[PDB]
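Quick look at structure.cif (mmCIF, N, CA and C atoms and all ligand atoms):
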```cif
data_run
loop_
_atom_site.label_atom_id
_atom_site.label_comp_id
_atom_site.auth_asym_id
_atom_site.auth_seq_id
_atom_site.Cartn_x
_atom_site.Cartn_y
_atom_site.Cartn_z
N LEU D 7 114.47 -228.08 -127.02
CA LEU D 7 113.17 -228.35 -127.78
C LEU D 7 112.89 -227.16 -128.68
N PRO D 8 112.30 -227.36 -129.87
CA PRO D 8 112.17 -226.18 -130.75
C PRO D 8 111.06 -225.16 -130.35
N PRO D 9 111.05 -223.98 -131.04
CA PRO D 9 110.15 -222.88 -130.64
C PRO D 9 108.71 -223.33 -130.31
N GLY D 10 108.24 -222.94 -129.12
CA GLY D 10 106.88 -223.15 -128.72
C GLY D 10 106.61 -224.40 -127.90
N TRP D 11 107.52 -225.35 -128.00
CA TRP D 11 107.39 -226.72 -127.44
C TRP D 11 107.74 -226.81 -125.97
N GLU D 12 106.87 -227.48 -125.21
CA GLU D 12 107.17 -227.67 -123.78
C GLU D 12 106.76 -229.07 -123.32
N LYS D 13 107.40 -229.53 -122.25
CA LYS D 13 107.01 -230.80 -121.67
C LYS D 13 105.85 -230.65 -120.70
N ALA D 14 104.90 -231.59 -120.77
CA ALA D 14 103.82 -231.61 -119.81
C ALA D 14 103.61 -233.02 -119.23
N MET D 15 102.82 -233.11 -118.16
CA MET D 15 102.39 -234.44 -117.63
C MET D 15 100.98 -234.76 -118.04
N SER D 16 100.75 -236.00 -118.50
CA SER D 16 99.39 -236.43 -118.87
C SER D 16 98.54 -236.68 -117.59
N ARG D 17 97.32 -236.15 -117.53
CA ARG D 17 96.63 -236.29 -116.29
C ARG D 17 95.83 -237.59 -116.28
N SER D 18 95.59 -238.13 -117.46
CA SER D 18 94.99 -239.47 -117.50
C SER D 18 96.01 -240.54 -117.20
N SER D 19 97.16 -240.42 -117.85
CA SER D 19 98.08 -241.55 -117.98
C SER D 19 99.30 -241.45 -117.07
N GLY D 20 99.70 -240.24 -116.66
CA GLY D 20 100.94 -240.08 -115.94
C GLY D 20 102.20 -239.98 -116.82
N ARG D 21 102.10 -240.34 -118.11
CA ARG D 21 103.23 -240.14 -119.02
C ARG D 21 103.43 -238.67 -119.42
N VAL D 22 104.69 -238.30 -119.59
CA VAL D 22 105.09 -237.00 -120.11
C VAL D 22 104.62 -236.94 -121.60
N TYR D 23 104.28 -235.75 -122.08
CA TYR D 23 104.01 -235.55 -123.48
C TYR D 23 104.59 -234.16 -123.80
N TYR D 24 104.45 -233.73 -125.05
CA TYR D 24 104.89 -232.44 -125.46
C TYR D 24 103.69 -231.63 -126.03
N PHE D 25 103.65 -230.34 -125.69
CA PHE D 25 102.62 -229.38 -126.14
C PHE D 25 103.36 -228.18 -126.77
N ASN D 26 102.73 -227.53 -127.74
CA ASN D 26 103.33 -226.34 -128.35
C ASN D 26 102.36 -225.21 -128.14
N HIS D 27 102.79 -224.14 -127.45
CA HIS D 27 101.80 -223.12 -127.02
C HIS D 27 101.54 -222.16 -128.17
N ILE D 28 102.32 -222.32 -129.24
CA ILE D 28 102.13 -221.48 -130.40
C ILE D 28 101.14 -222.13 -131.37
N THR D 29 101.25 -223.46 -131.58
CA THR D 29 100.43 -224.10 -132.62
C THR D 29 99.32 -224.93 -132.00
N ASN D 30 99.28 -225.00 -130.63
CA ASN D 30 98.40 -225.86 -129.87
C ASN D 30 98.46 -227.36 -130.25
N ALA D 31 99.57 -227.77 -130.89
CA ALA D 31 99.87 -229.19 -131.12
C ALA D 31 100.24 -229.88 -129.80
N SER D 32 99.93 -231.19 -129.74
CA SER D 32 100.29 -231.97 -128.59
C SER D 32 100.50 -233.39 -129.08
N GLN D 33 101.54 -234.06 -128.56
CA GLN D 33 101.91 -235.40 -128.96
C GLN D 33 102.71 -236.10 -127.84
N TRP D 34 102.81 -237.43 -127.89
CA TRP D 34 103.67 -238.21 -126.93
C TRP D 34 105.12 -238.12 -127.27
N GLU D 35 105.36 -238.19 -128.58
CA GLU D 35 106.73 -238.22 -129.11
C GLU D 35 107.48 -236.88 -128.88
N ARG D 36 108.76 -236.94 -128.54
CA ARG D 36 109.57 -235.76 -128.42
C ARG D 36 109.76 -235.10 -129.80
N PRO D 37 109.50 -233.78 -129.88
CA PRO D 37 109.79 -232.99 -131.08
C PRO D 37 111.33 -232.88 -131.30
N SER D 38 111.82 -233.20 -132.50
CA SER D 38 111.12 -232.99 -133.77
C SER D 38 111.82 -233.79 -134.85
N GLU D 51 114.46 -220.36 -139.04
CA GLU D 51 113.12 -219.99 -139.54
C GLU D 51 113.11 -219.64 -141.06
N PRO D 52 112.24 -220.38 -141.85
CA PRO D 52 112.01 -220.15 -143.32
C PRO D 52 111.47 -218.73 -143.59
N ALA D 53 111.69 -218.21 -144.80
CA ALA D 53 111.17 -216.89 -145.25
C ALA D 53 109.71 -216.91 -145.70
N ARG D 54 109.36 -218.00 -146.37
CA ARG D 54 107.99 -218.28 -146.75
C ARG D 54 107.68 -219.70 -146.29
N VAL D 55 106.41 -219.92 -145.97
CA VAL D 55 105.91 -221.30 -145.77
C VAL D 55 104.67 -221.50 -146.64
N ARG D 56 104.36 -222.76 -146.93
CA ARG D 56 103.10 -223.07 -147.59
C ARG D 56 102.21 -223.90 -146.65
N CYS D 57 100.91 -223.55 -146.49
CA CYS D 57 100.00 -224.26 -145.59
C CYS D 57 98.67 -224.44 -146.24
N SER D 58 97.93 -225.47 -145.77
CA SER D 58 96.50 -225.58 -145.96
C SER D 58 95.83 -225.44 -144.61
N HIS D 59 94.54 -225.14 -144.63
CA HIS D 59 93.86 -225.09 -143.36
C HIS D 59 92.42 -225.55 -143.50
N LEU D 60 91.80 -225.73 -142.35
CA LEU D 60 90.40 -226.06 -142.34
C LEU D 60 89.86 -225.07 -141.34
N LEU D 61 88.85 -224.33 -141.77
CA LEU D 61 88.24 -223.33 -140.91
C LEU D 61 86.84 -223.69 -140.48
N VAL D 62 86.57 -223.54 -139.18
CA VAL D 62 85.21 -223.75 -138.70
C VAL D 62 84.90 -222.36 -138.10
N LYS D 63 83.93 -221.71 -138.73
CA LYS D 63 83.45 -220.40 -138.27
C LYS D 63 82.41 -220.61 -137.19
N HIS D 64 82.12 -219.56 -136.43
CA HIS D 64 81.06 -219.61 -135.40
C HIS D 64 80.32 -218.26 -135.37
N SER D 65 79.30 -218.21 -134.52
CA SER D 65 78.45 -217.01 -134.36
C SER D 65 79.27 -215.74 -134.02
N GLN D 66 80.44 -215.90 -133.38
CA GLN D 66 81.31 -214.73 -133.15
C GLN D 66 82.43 -214.42 -134.17
N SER D 67 82.56 -215.19 -135.26
CA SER D 67 83.48 -214.87 -136.37
C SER D 67 83.23 -213.43 -136.96
N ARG D 68 84.28 -212.80 -137.48
CA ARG D 68 84.20 -211.46 -138.10
C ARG D 68 83.10 -211.46 -139.16
N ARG D 69 83.00 -212.53 -139.95
CA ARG D 69 81.81 -212.67 -140.79
C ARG D 69 81.21 -214.03 -140.69
N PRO D 70 80.08 -214.12 -140.00
CA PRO D 70 79.49 -215.41 -139.71
C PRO D 70 78.68 -215.93 -140.91
N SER D 71 79.39 -216.14 -142.03
CA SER D 71 78.77 -216.54 -143.29
C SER D 71 79.79 -217.37 -144.06
N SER D 72 79.34 -218.38 -144.83
CA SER D 72 80.31 -219.10 -145.72
C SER D 72 79.65 -219.77 -146.90
N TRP D 73 80.47 -220.31 -147.80
CA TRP D 73 79.93 -221.10 -148.90
C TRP D 73 79.08 -222.27 -148.38
N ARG D 74 79.39 -222.82 -147.19
CA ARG D 74 78.60 -223.96 -146.69
C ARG D 74 77.26 -223.51 -146.16
N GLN D 75 77.19 -222.31 -145.58
CA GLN D 75 76.01 -221.92 -144.81
C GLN D 75 75.90 -220.40 -144.79
N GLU D 76 74.76 -219.88 -145.24
CA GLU D 76 74.56 -218.43 -145.42
C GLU D 76 74.65 -217.70 -144.07
N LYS D 77 74.11 -218.33 -143.04
CA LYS D 77 74.12 -217.73 -141.73
C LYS D 77 74.70 -218.75 -140.77
N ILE D 78 75.89 -218.44 -140.25
CA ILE D 78 76.58 -219.38 -139.35
C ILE D 78 76.01 -219.11 -137.97
N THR D 79 75.35 -220.12 -137.40
CA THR D 79 74.78 -220.02 -136.05
C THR D 79 75.54 -220.73 -134.91
N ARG D 80 76.36 -221.74 -135.22
CA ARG D 80 77.06 -222.47 -134.12
C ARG D 80 77.84 -221.54 -133.18
N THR D 81 77.88 -221.89 -131.91
CA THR D 81 78.68 -221.16 -130.94
C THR D 81 80.17 -221.48 -131.09
N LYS D 82 81.00 -220.53 -130.71
CA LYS D 82 82.45 -220.76 -130.53
C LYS D 82 82.85 -222.12 -129.91
N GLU D 83 82.11 -222.54 -128.90
CA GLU D 83 82.43 -223.77 -128.22
C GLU D 83 81.96 -225.00 -129.01
N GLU D 84 80.82 -224.93 -129.68
CA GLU D 84 80.40 -225.97 -130.63
C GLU D 84 81.41 -226.12 -131.80
N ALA D 85 81.92 -224.98 -132.28
CA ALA D 85 83.00 -224.93 -133.30
C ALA D 85 84.29 -225.63 -132.85
N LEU D 86 84.67 -225.41 -131.58
CA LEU D 86 85.83 -226.10 -131.03
C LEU D 86 85.57 -227.63 -130.98
N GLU D 87 84.34 -228.02 -130.62
CA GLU D 87 84.01 -229.42 -130.65
C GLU D 87 84.17 -230.09 -132.04
N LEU D 88 83.73 -229.42 -133.10
CA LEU D 88 83.89 -229.88 -134.48
C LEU D 88 85.34 -230.05 -134.86
N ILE D 89 86.11 -228.98 -134.60
CA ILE D 89 87.60 -228.98 -134.77
C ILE D 89 88.28 -230.15 -134.06
N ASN D 90 87.93 -230.35 -132.78
CA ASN D 90 88.52 -231.48 -131.99
C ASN D 90 88.19 -232.83 -132.66
N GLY D 91 86.93 -233.02 -133.08
CA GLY D 91 86.50 -234.22 -133.84
C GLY D 91 87.28 -234.46 -135.14
N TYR D 92 87.49 -233.41 -135.92
CA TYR D 92 88.29 -233.50 -137.17
C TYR D 92 89.73 -233.85 -136.86
N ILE D 93 90.27 -233.28 -135.77
CA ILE D 93 91.68 -233.56 -135.44
C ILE D 93 91.74 -235.07 -135.11
N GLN D 94 90.81 -235.51 -134.27
CA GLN D 94 90.73 -236.97 -133.98
C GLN D 94 90.74 -237.86 -135.21
N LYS D 95 89.92 -237.53 -136.19
CA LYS D 95 89.79 -238.39 -137.36
C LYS D 95 91.02 -238.30 -138.23
N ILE D 96 91.67 -237.13 -138.24
CA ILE D 96 92.94 -237.00 -138.97
C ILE D 96 94.07 -237.80 -138.29
N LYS D 97 94.17 -237.65 -136.97
CA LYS D 97 95.20 -238.36 -136.21
C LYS D 97 95.02 -239.90 -136.18
N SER D 98 93.77 -240.36 -136.22
CA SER D 98 93.50 -241.80 -136.24
C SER D 98 93.63 -242.40 -137.65
N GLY D 99 93.60 -241.57 -138.69
CA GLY D 99 93.76 -242.01 -140.07
C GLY D 99 92.42 -242.37 -140.64
N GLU D 100 91.37 -242.14 -139.84
CA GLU D 100 90.00 -242.36 -140.27
C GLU D 100 89.59 -241.54 -141.49
N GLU D 101 90.02 -240.28 -141.52
CA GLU D 101 89.82 -239.36 -142.62
C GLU D 101 91.12 -238.61 -142.84
N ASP D 102 91.40 -238.16 -144.06
CA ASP D 102 92.56 -237.25 -144.20
C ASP D 102 92.22 -235.78 -144.21
N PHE D 103 93.22 -234.99 -143.91
CA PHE D 103 93.07 -233.57 -143.76
C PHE D 103 92.35 -232.98 -144.99
N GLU D 104 92.89 -233.28 -146.19
CA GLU D 104 92.37 -232.73 -147.48
C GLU D 104 90.89 -232.96 -147.73
N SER D 105 90.47 -234.17 -147.44
CA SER D 105 89.09 -234.58 -147.56
C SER D 105 88.15 -233.82 -146.58
N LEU D 106 88.55 -233.69 -145.32
CA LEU D 106 87.72 -232.96 -144.33
C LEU D 106 87.65 -231.48 -144.66
N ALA D 107 88.77 -230.94 -145.15
CA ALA D 107 88.84 -229.52 -145.52
C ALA D 107 87.93 -229.23 -146.70
N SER D 108 87.96 -230.12 -147.71
CA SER D 108 87.12 -229.96 -148.90
C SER D 108 85.68 -230.00 -148.51
N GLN D 109 85.33 -230.91 -147.61
CA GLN D 109 83.94 -231.04 -147.23
C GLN D 109 83.47 -230.04 -146.22
N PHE D 110 84.33 -229.57 -145.29
CA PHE D 110 83.86 -228.91 -144.05
C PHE D 110 84.44 -227.52 -143.71
N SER D 111 85.52 -227.13 -144.36
CA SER D 111 86.07 -225.82 -144.17
C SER D 111 85.09 -224.71 -144.68
N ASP D 112 84.88 -223.73 -143.81
CA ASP D 112 84.11 -222.53 -144.06
C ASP D 112 84.98 -221.53 -144.79
N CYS D 113 86.23 -221.88 -145.15
CA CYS D 113 87.03 -221.01 -146.05
C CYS D 113 86.83 -221.35 -147.58
N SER D 114 86.80 -220.37 -148.49
CA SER D 114 86.66 -220.76 -149.93
C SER D 114 87.87 -221.65 -150.39
N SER D 115 89.02 -221.55 -149.70
CA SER D 115 90.15 -222.44 -149.89
C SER D 115 89.77 -223.92 -149.78
N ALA D 116 88.59 -224.25 -149.23
CA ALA D 116 88.06 -225.65 -149.23
C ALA D 116 88.07 -226.28 -150.66
N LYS D 117 87.80 -225.43 -151.66
CA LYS D 117 87.79 -225.90 -153.05
C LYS D 117 89.14 -226.38 -153.61
N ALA D 118 90.24 -225.99 -152.95
CA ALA D 118 91.56 -226.44 -153.28
C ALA D 118 92.13 -227.31 -152.14
N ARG D 119 91.25 -228.08 -151.48
CA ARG D 119 91.59 -228.99 -150.36
C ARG D 119 92.23 -228.26 -149.21
N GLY D 120 91.81 -226.99 -149.01
CA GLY D 120 92.32 -226.09 -147.97
C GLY D 120 93.63 -225.40 -148.21
N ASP D 121 94.22 -225.63 -149.39
CA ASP D 121 95.52 -225.08 -149.72
C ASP D 121 95.48 -223.55 -149.91
N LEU D 122 96.34 -222.85 -149.18
CA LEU D 122 96.42 -221.37 -149.27
C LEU D 122 97.57 -220.87 -150.12
N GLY D 123 98.42 -221.75 -150.62
CA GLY D 123 99.70 -221.30 -151.19
C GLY D 123 100.73 -220.80 -150.20
N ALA D 124 101.79 -220.23 -150.75
CA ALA D 124 102.92 -219.84 -149.95
C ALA D 124 102.67 -218.41 -149.49
N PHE D 125 103.25 -218.04 -148.35
CA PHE D 125 103.07 -216.69 -147.81
C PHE D 125 104.22 -216.39 -146.89
N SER D 126 104.43 -215.11 -146.58
CA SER D 126 105.53 -214.71 -145.67
C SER D 126 104.91 -214.11 -144.43
N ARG D 127 105.75 -213.80 -143.46
CA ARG D 127 105.26 -213.04 -142.34
C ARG D 127 104.77 -211.68 -142.84
N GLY D 128 103.77 -211.14 -142.15
CA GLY D 128 103.20 -209.87 -142.47
C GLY D 128 101.96 -209.97 -143.32
N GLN D 129 101.46 -211.19 -143.60
CA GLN D 129 100.29 -211.36 -144.52
C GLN D 129 99.02 -211.89 -143.87
N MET D 130 99.18 -212.87 -142.97
CA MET D 130 98.04 -213.54 -142.33
C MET D 130 97.76 -212.91 -140.97
N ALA D 131 96.57 -213.13 -140.45
CA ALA D 131 96.29 -212.88 -139.05
C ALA D 131 97.39 -213.52 -138.15
N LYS D 132 97.85 -212.74 -137.17
CA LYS D 132 98.99 -213.14 -136.37
C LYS D 132 98.87 -214.54 -135.70
N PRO D 133 97.73 -214.86 -135.04
CA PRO D 133 97.77 -216.24 -134.47
C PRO D 133 98.08 -217.34 -135.54
N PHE D 134 97.43 -217.22 -136.71
CA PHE D 134 97.66 -218.10 -137.88
C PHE D 134 99.07 -218.05 -138.33
N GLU D 135 99.59 -216.83 -138.54
CA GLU D 135 100.93 -216.70 -139.02
C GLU D 135 101.91 -217.37 -138.05
N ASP D 136 101.75 -217.09 -136.76
CA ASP D 136 102.72 -217.61 -135.79
C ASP D 136 102.66 -219.13 -135.75
N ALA D 137 101.43 -219.68 -135.79
CA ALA D 137 101.23 -221.14 -135.85
C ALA D 137 101.92 -221.72 -137.10
N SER D 138 101.73 -221.09 -138.26
CA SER D 138 102.24 -221.60 -139.53
C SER D 138 103.70 -221.64 -139.52
N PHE D 139 104.33 -220.55 -139.06
CA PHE D 139 105.81 -220.48 -138.97
C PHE D 139 106.51 -221.34 -137.91
N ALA D 140 105.78 -221.76 -136.87
CA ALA D 140 106.32 -222.64 -135.82
C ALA D 140 106.15 -224.11 -136.18
N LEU D 141 105.29 -224.43 -137.16
CA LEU D 141 105.20 -225.86 -137.66
C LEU D 141 106.40 -226.19 -138.52
N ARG D 142 106.85 -227.44 -138.50
CA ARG D 142 107.79 -227.90 -139.51
C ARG D 142 107.02 -228.56 -140.65
N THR D 143 107.67 -228.69 -141.81
CA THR D 143 107.04 -229.25 -142.99
C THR D 143 106.37 -230.58 -142.64
N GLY D 144 105.10 -230.77 -143.00
CA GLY D 144 104.43 -232.03 -142.69
C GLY D 144 103.66 -232.00 -141.39
N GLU D 145 103.94 -231.01 -140.51
CA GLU D 145 103.28 -230.92 -139.19
C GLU D 145 101.94 -230.23 -139.23
N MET D 146 101.05 -230.66 -138.34
CA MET D 146 99.73 -230.16 -138.20
C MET D 146 99.54 -229.46 -136.81
N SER D 147 98.83 -228.36 -136.84
CA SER D 147 98.57 -227.57 -135.63
C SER D 147 97.43 -228.25 -134.83
N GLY D 148 97.25 -227.86 -133.57
CA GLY D 148 95.92 -227.96 -132.98
C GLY D 148 94.99 -226.80 -133.37
N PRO D 149 93.89 -226.63 -132.62
CA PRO D 149 92.91 -225.51 -132.80
C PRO D 149 93.66 -224.20 -132.64
N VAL D 150 93.50 -223.33 -133.63
CA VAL D 150 94.20 -222.06 -133.64
C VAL D 150 93.05 -221.02 -133.83
N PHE D 151 92.93 -220.07 -132.89
CA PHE D 151 91.78 -219.16 -132.86
C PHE D 151 92.19 -217.87 -133.56
N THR D 152 91.37 -217.44 -134.51
CA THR D 152 91.59 -216.05 -135.06
C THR D 152 90.22 -215.39 -135.08
N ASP D 153 90.12 -214.12 -135.46
CA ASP D 153 88.78 -213.52 -135.69
C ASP D 153 87.94 -214.19 -136.77
N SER D 154 88.58 -214.94 -137.70
CA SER D 154 87.84 -215.69 -138.71
C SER D 154 87.04 -216.80 -138.15
N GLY D 155 87.64 -217.51 -137.18
CA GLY D 155 87.02 -218.67 -136.60
C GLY D 155 88.14 -219.51 -136.00
N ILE D 156 87.99 -220.85 -136.10
CA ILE D 156 88.98 -221.79 -135.48
C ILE D 156 89.54 -222.60 -136.64
N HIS D 157 90.86 -222.62 -136.71
CA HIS D 157 91.61 -223.34 -137.74
C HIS D 157 92.38 -224.56 -137.21
N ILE D 158 92.54 -225.52 -138.14
CA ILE D 158 93.55 -226.55 -138.12
C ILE D 158 94.41 -226.28 -139.32
N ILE D 159 95.70 -226.19 -139.07
CA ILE D 159 96.63 -225.76 -140.08
C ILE D 159 97.63 -226.89 -140.38
N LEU D 160 97.89 -227.12 -141.67
CA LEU D 160 98.83 -228.18 -142.07
C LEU D 160 99.92 -227.49 -142.86
N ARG D 161 101.15 -227.64 -142.37
CA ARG D 161 102.27 -227.04 -143.09
C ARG D 161 102.75 -228.01 -144.15
N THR D 162 102.66 -227.61 -145.40
CA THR D 162 103.06 -228.53 -146.47
C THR D 162 104.43 -228.24 -147.11
N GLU D 163 105.00 -227.05 -146.91
CA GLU D 163 106.29 -226.68 -147.48
C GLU D 163 106.84 -225.55 -146.65
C1 LIG D 201 86.80 -217.27 -145.65
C2 LIG D 201 87.94 -216.86 -144.69
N1 LIG D 201 89.17 -217.36 -144.71
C3 LIG D 201 89.91 -216.78 -143.75
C4 LIG D 201 91.24 -217.03 -143.52
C5 LIG D 201 92.01 -217.72 -144.47
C6 LIG D 201 93.38 -217.97 -144.27
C7 LIG D 201 93.97 -217.51 -143.08
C8 LIG D 201 93.19 -216.78 -142.16
CL1 LIG D 201 93.94 -216.17 -140.72
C9 LIG D 201 91.81 -216.53 -142.38
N2 LIG D 201 89.16 -215.89 -143.08
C10 LIG D 201 87.92 -215.95 -143.63
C11 LIG D 201 86.75 -215.06 -143.15
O1 LIG D 201 85.72 -214.91 -143.81
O2 LIG D 201 86.87 -214.43 -142.10
#
```

Please render this file's structure as structure tokens.
Ligand SMILES: Cc1[nH]c(-c2cccc(Cl)c2)nc1C(=O)O
Amino acid sequence: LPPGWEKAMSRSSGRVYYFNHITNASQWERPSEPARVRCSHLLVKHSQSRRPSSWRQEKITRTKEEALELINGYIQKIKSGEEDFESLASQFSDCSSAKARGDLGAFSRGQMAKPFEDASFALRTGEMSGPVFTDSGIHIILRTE
């Protein structure tokens, strides 16, 4: 199985699934290193972010755990096809990258916060992370190239 990926048992269903401890991705389907990758992300900041401020809201008051709830909801809507990643990022990301549908451009190792970087580099093109925690807040990351 590729980097980060492990088999787990579903506690609701009893079926095996796969989890990635690097990107916090999880899926039923069995899965599945570049010098640069290109990603977009959606950031939900909280009261404990390094700067609890954004273009959406001057003073970010939500708790870390309320932020995780928002992230989980967005992942649901992306996975169900109810909303697409780009649209939720444009509307709801606390990163200024929201204005470019969450697109950050290409980057190499040594540039991003390590949890983000490691998540980005362990995704394959087209793959989406689960909740990824950094000092900025909580991200969902989409590897586009
Ligand atoms: C507004 C913003 N974006 C990011 C960011 C953007 C891309 C990757 C990572 Cl790790 C963090 N941090 C912030 C912040 O204000 O802390």

| With distances taken over all atoms listed in the file, which of D:103, D:151, D:11, D:110 is nearest to ligand LIG 201 (chain D)? | D:151

| task | Would you list the residues that come within 6 Å of ligand LIG 201 (chain D)? Count all atoms listed in the file and give the answer as a PyMOL selection string. | result | chain D and resi 68-69+112-114+130-131+134+153-155

| Between atom C of residue 27 (chain D) and CA of residue 87 (chain D), distance in Å (one decimal) |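 We find that atom C of residue 27 (chain D) and CA of residue 87 (chain D) lie 19.1 Å from each other.
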
| task | Name all residues at most 6.5 Å from residue 122 (chain D) (count only N, CA and C atoms; drop same-chain ones fewer than 2 positions away) and give them as a list in words. | result | residues 56, 57, 58, 59, 115, 120 and 124 of chain D

Given the selection you just returned, output its residues as a file containing N, CA and C atoms, formatted as a CSV table (one decimal), in the coordinates of the input.
```
chain,number,residue,atom,x,y,z
D,56,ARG,N,104.4,-222.8,-146.9
D,56,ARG,CA,103.1,-223.1,-147.6
D,56,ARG,C,102.2,-223.9,-146.6
D,57,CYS,N,100.9,-223.6,-146.5
D,57,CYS,CA,100.0,-224.3,-145.6
D,57,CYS,C,98.7,-224.4,-146.2
D,58,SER,N,97.9,-225.5,-145.8
D,58,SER,CA,96.5,-225.6,-146.0
D,58,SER,C,95.8,-225.4,-144.6
D,59,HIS,N,94.5,-225.1,-144.6
D,59,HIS,CA,93.9,-225.1,-143.4
D,59,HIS,C,92.4,-225.6,-143.5
D,115,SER,N,89.0,-221.6,-149.7
D,115,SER,CA,90.2,-222.4,-149.9
D,115,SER,C,89.8,-223.9,-149.8
D,120,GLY,N,91.8,-227.0,-149.0
D,120,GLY,CA,92.3,-226.1,-148.0
D,120,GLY,C,93.6,-225.4,-148.2
D,124,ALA,N,101.8,-220.2,-150.8
D,124,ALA,CA,102.9,-219.8,-150.0
D,124,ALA,C,102.7,-218.4,-149.5
```

Around all listed atoms of region 94-102 of chain D, padded 8 Å per side, what centre and edge lengths does the axis-aligned box have in Å to one decimal, as JSON?
```
{"center_x": 92.4, "center_y": -239.0, "center_z": -139.1, "size_x": 21.6, "size_y": 22.9, "size_z": 26.2}
```
